[PDB]
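Take a look at the structure below.
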Protein chains: 10
Amino acid sequence: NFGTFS
Amino acid sequence: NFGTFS
Amino acid sequence: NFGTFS
Amino acid sequence: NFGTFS
Amino acid sequence: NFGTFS
Amino acid sequence: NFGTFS
Amino acid sequence: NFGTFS
Amino acid sequence: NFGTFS
Amino acid sequence: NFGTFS
Amino acid sequence: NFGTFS
């Protein structure tokens, strides 16, 4: 993942 | 994923 | 991962 | 990982 | 890891 | 911009 | 900008 | 900028 | 800037 | 800057 939010 | 929100 | 938030 | 937050 | 936070 | 290509 | 390409 | 390419 | 390429 | 390339 790159630049993800969880 | 790139630039995702969960 | 690069630049991710969890 | 590079530049990640957890 | 490089430049990571946990 | 977020997630754009130019 | 976040996650952009130019 | 965060996670950008130029 | 954080995690950028130029 | 943090974790940047130029």
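Laboratory data are not the source of any read-out in this text; all were calculated from the coordinates shown. Virtual Cβ from ideal backbone geometry, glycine too; neighbours counted across all protein chains shown.
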### Burial ordering of C:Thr4, F:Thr4, J:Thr4, fewest other beta-carbon atoms within 10 Å first
F:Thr4, J:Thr4, C:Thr4
## Note on the structure
Here FRET efficiency (C-beta to C-beta, G:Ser6 to D:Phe2, R₀ 25 Å, nearest 0.05) is 0.75
